[PDB]
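# Task: produce atomic coordinates for the following.
(one chain, ligands or ions: 14)
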Amino acid sequence: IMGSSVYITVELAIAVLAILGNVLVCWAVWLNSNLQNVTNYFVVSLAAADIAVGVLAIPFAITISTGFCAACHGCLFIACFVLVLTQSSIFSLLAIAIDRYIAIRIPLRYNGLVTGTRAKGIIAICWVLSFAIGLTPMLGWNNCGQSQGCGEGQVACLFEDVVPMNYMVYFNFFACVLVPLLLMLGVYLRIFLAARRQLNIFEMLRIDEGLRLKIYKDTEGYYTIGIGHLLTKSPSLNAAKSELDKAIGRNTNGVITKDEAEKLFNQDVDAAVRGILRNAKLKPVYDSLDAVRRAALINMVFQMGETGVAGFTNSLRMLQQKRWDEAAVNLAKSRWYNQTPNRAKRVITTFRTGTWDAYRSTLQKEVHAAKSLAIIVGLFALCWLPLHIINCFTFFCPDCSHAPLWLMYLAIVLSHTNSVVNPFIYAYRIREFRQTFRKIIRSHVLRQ
Ligand SMILES: Cc1c(C#N)cccc1-c1cc(-c2ccn(Cc3cccc(C(C)(C)O)n3)c(=O)c2)nc(N)n1
Ligand SMILES: CC(C)CCC[C@@H](C)[C@H]1CC[C@H]2[C@@H]3CC=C4C[C@@H](O)CC[C@]4(C)[C@H]3CC[C@]12C
Ligand SMILES: CCCCCCCC/C=C/CCCCCCCC(=O)OC[C@H](O)CO
Ligand SMILES: CCCCCCCC/C=C/CCCCCCCC(=O)O
Ligand SMILES: CCCCCCCC/C=C/CCCCCCCC(=O)O
Ligand SMILES: CCCCCCCC/C=C\CCCCCCCC(=O)O
Ligand SMILES: CCCCCCCC/C=C\CCCCCCCC(=O)O
Ligand SMILES: CCCCCCCC/C=C\CCCCCCCC(=O)O
Ligand SMILES: CCCCCCCC/C=C\CCCCCCCC(=O)O
Ligand SMILES: CCCCCCCC/C=C\CCCCCCCC(=O)O
Ligand SMILES: CCCCCCCC/C=C\CCCCCCCC(=O)O
Ligand SMILES: CCCCCCCC/C=C\CCCCCCCC(=O)O
Ligand SMILES: CCCCCCCC/C=C\CCCCCCCC(=O)O
Ligand code: NA
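Residues are numbered from 1 along each chain as shown. Ligands and ions are numbered 1, 2, ... in the order given. Take a look at the structure below.
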């Protein structure tokens, strides 16, 4: 058996798995409306690039491994096409990382800013940039515009013979790969730290009532800032800014920092606590509650007012009697629960447990998808970095012994393997994908 026959068989197997797996990804998104969100628009664009790796890039790699004689511009397309697909993968991975960041940082205003029309525009632009970046050697930055044994007008189609190494290192690796990879590392780190933020009264009502650092209108149309801090009933934003500047201590033009919103919210808590202590019905309960259960009581006061909370005579006395589970059942049978069940369920869970578990869980639900997508970037890095580092050695140590043939084969094949792994990750970590996969395979493929 020839070593070439092993290499070709391995490449063709990777090609088939790349096409089949990533066709299944696009097929699932097209079939399942629950997978038709903006995040999976970039998943499909990423899946399309990996299909093209199996149909074209891998066959292109097998042909240029022979170093055949070809015209320079035709040889450069065969060699540089995989650079287009790899660059498109980077832009899609970059878009997925950014999309998940604003999803957890502005969870309320995510849909208004992140839309399907904008995602489709970014995808079309990124595919154009990928061709411009990948096929840059075709536009003049190549080493065949100036191989003995090929005849003039042709060159031996060898990648390192035709693709300049300073392009591969400075422009492609450092600027077009390393920088987006490090930015993706910082974005996902920022996502993971936000999910691990310490919970307190400020973060509890940030989840329940939102945080806005810019002045906005509420459900009535009253100007508001921070965590539900009313500024004025006047129909003038300038009147609201005047109230904001007085409370903050500086000219704001309607924008504040997170610490300024937290300080403004700390004063609102002190006012609500002073009102609770003045109420003869609420003070004995508040005095008996622990710090976290007091935050749930302040939560209700911020939503319904001191008088509204005082109307929970039965639930309040069971809270003061430390009968947590009984108070939960009673509070769930109230109008406040029926009107806003999600916020009420989180507040009632706080009363039962005395922990922030209901608000931590809200944070983890927003980031579990991010951990699976972050694994894909790591596998992309692990699969492509060996080639980039080899290119850096050849570039910066010219008299160094070139990497042996077996490592070159392994690094090239490993890079192609990256076009197979993503559908396996979705299947193992994302249930909506795994379930759609099973339906497609059992129904459309296996017919039963
Ligand atoms: C394309 C790329 C990207 C991207 N996107 C990122 C980093 C590096 C590279 C990259 C690729 C190649 C390179 C060379 C040759 N072949 C054909 C081939 C197949 C099997 C065996 C051989 C042997 C060993 C016989 O040469 N050749 C390739 O497929 C790929 N070379 C270099 N320096 N960098
Ligand atoms: C955040 C970190 C990882 C970025 C650092 C960039 C890395 C990938 C780059 C920057 C400097 C580079 C090194 C510069 C000089 C040398 C010595 C030479 O004889 C072999 C290549 C080698 C060893 C290079 C390998 C790749 C290298 C380490
Ligand atoms: C996700 C990471 C794990 C999955 C990916 C693991 C690495 C890729 C699999 C490789 C075997 C291919 C290595 C051998 C390369 C071709 C065979 C060969 O070298 O034969 C040619 C011979 O040297 C002269 O003709
Ligand atoms: C016509 C192509 C559609 C799929 C063909 C049938 C399966 C081919 C295998 C592709 C590897 C996909 C890896 C992840 C999918 C796992 C399947 C599953 O979740 O049950
Ligand atoms: C143009 C090349 C750089 C693009 C790479 C990825 C950056 C975009 C990331 C995707 C975020 C999800 C969609 C958000 C839409 C932005 C709203 C807008 O400003 O129009
Ligand atoms: C191997 C190259 C060609 C295969 C890749 C493209 C085929 C798979 C693409 C996505 C599958 C889901 C989208 C199909 C849309 C069908 C349109 C329609 O029937 O109205
Ligand atoms: C998934 C479909 C892809 C299969 C169709 C493309 C066929 C593969 C392309 C070339 C096959 C081998 C031809 C080159 C011989 C290389 C042997 C050598 O290096 O000496
Ligand atoms: C599934 C489809 C796979 C198609 C694989 C095509 C393989 C392409 C291999 C090289 C042929 C074109 C490169 C050389 C021709 C132009 C240069 C010249 O004419 O001298
Ligand atoms: C799904 C099928 C995809 C169709 C694309 C087929 C791939 C063709 C491969 C390379 C062709 C362009 C490279 C050389 C072009 C010049 C060749 C010539 O004119 O003699
Ligand atoms: C000779 C090289 C020829 C280069 C052709 C490629 C130039 C066109 C740029 C990208 C083609 C793929 C189109 C994908 C964008 C559509 C996706 C979308 O709109 O949703
Ligand atoms: C067309 C969309 C925008 C394109 C800008 C980014 C894509 C890359 C474009 C060309 C880069 C050219 C780099 C030139 C470096 C020196 C050239 C040389 O030494 O021969
Ligand atoms: C996705 C990010 C794209 C960023 C593109 C812009 C970055 C360009 C940075 C410099 C690359 C080229 C530096 C040296 C030029 C080569 C010198 C020469 O050969 O003429
Ligand atoms: C240095 C270039 C960039 C390197 C990869 C960047 C992407 C980093 C994203 C997250 C890594 C994987 C996250 C999965 C968490 C697994 C838990 C663990 O291993 O500690
Ligand atoms: Na890819």
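# near ligand 2, which residues of this protein?
By C-beta under 6 Å from any ligand atom, the part of the chain that sits against ligand 2 consists of 389, 392-393, 396-397, 400. No exception for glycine: its C-beta is placed from N, CA and C like everyone else's.
# and those as CSV, adding secondary structure and distance to ligand 8?
Converted to CSV, these look like this (DSSP: H, G, I helix; E, B strand; the rest coil; distance: C-beta to the nearest ligand atom, whole Å):
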residue, secondary structure, distance to ligand 8
389, helix, 28
392, helix, 29
393, helix, 29
396, helix, 31
397, coil, 32
400, coil, 31
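# If you rank these by neighbours, which is first?
For the residues of the chain next to ligand 2, the largest neighbour count, defined by other C-beta atoms under 10 Å, is 15 neighbours, found at residue 392.
# and the residue lying closest to it once chain neighbours are set aside, what is it in contact with?
Spatial nearest neighbour of residue 392, excluding adjacent residues (C-beta to C-beta, 6 or more residues apart in numbering): residue 169 at 5.9 Å. Residues near residue 169 by C-beta atoms under 8 Å, 6 or more residues apart in numbering: 391-392, 395-396.
# can I get those residues in a markdown table with distance to residue 442?
As requested, the contacts of residue 169 are exported to a markdown table (distance: C-beta to C-beta, whole Å):
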| residue | distance to residue 442 |
| --- | --- |
| 391 | 44 |
| 392 | 47 |
| 395 | 50 |
| 396 | 53 |
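# Spatially nearest residue to the residue nearest to the spatial centre of the chain, not counting backbone neighbours?
Closest to where the C-alpha atoms of the chain average out (C-alpha atoms, centre = their mean) is residue 100, at 2.5 Å. The shortest distance from residue 100 to any residue other than its chain neighbours is 4.7 Å, reached at residue 370 (C-beta to C-beta, 6+ apart).
# residue contacts, the one you found?
100, 104, 188, 191-192, 195.
# Tell me if the helix or strand hosting it is near ligand 14.
Assessed by DSSP states H and E, residue 370 sits inside helix 368-396. No - applying C-beta under 5 Å from the ion, one finds helix 368-396 separated from ligand 14 by no less than 6.8 Å.
# Assign a three-state SS to the residue nearest to residue 392, would you?
Under DSSP: H, G, I helix; E, B strand; the rest coil, the three-state class of residue 169 is helix.
# Quick check: it vs ligand 8, distance?
Going from residue 169 to ligand 8 by C-beta to the nearest ligand atom, to the nearest Å gives 26 Å.
# and the residue of the stretch 51-200 of the chain found nearest ligand 8, how many neighbours?
Among the residues of the stretch 51-200 of the chain, residue 74 lies closest to ligand 8, at 3.1 Å counting by C-beta to the nearest ligand atom. Residues lying near residue 74 (other C-beta under 10 Å) number 13.
# where's the host helix or strand of it relative to the chain centroid, distance-wise?
For residue 74, the element it lies in under DSSP H and E is helix 72-105. Taking C-alpha atoms, centre = their mean, to the nearest Å, one finds the center of helix 72-105 at 16 Å from the center of the full chain.
# counting contacts, what elements does it pack onto?
Packing partners of helix 72-105 (3 or more C-beta pairs under 8 Å, 6 or more residues apart in numbering; DSSP states H and E): helix 38-52, helix 58-64, helix 110-113, helix 116-134, helix 159-162, helix 179-195, helix 368-396.
# the inter-axis angle of that helix versus helix 368-396?
Using axes from the mean of the first three to the mean of the last three C-alpha atoms, to 10 degrees, the direction of helix 72-105 lies 140 degrees away from that of helix 368-396.
# how about helix 72-105: buried residues?
Neighbour-count burial for helix 72-105, counted by 16 or more other C-beta atoms under 10 Å, picks out 72, 75-101, 103-104.
# again with stretch 7-24
Residues 7, 11, 14-15, 17-19, 21-24 are the ones in stretch 7-24 that count as buried (16+ other C-beta under 10 Å).
# what distance separates the longest strand seen in the chain from the centre of its chain?
Longest strand in the chain by number of residues (criterion: DSSP state E): strand 212-217. Distance of strand 212-217 from its chain centroid, counting by C-alpha atoms, centre = their mean, is 25 Å.
# which other helices and strands contact the helix or strand just after it?
As assigned by DSSP H and E, the chain's next helix or strand after strand 212-217 is strand 223-226. Contacts defined by 3+ C-beta pairs under 8 Å, 6+ apart place strand 223-226 against strand 212-217, strand 229-232, helix 237-248, helix 258-278.
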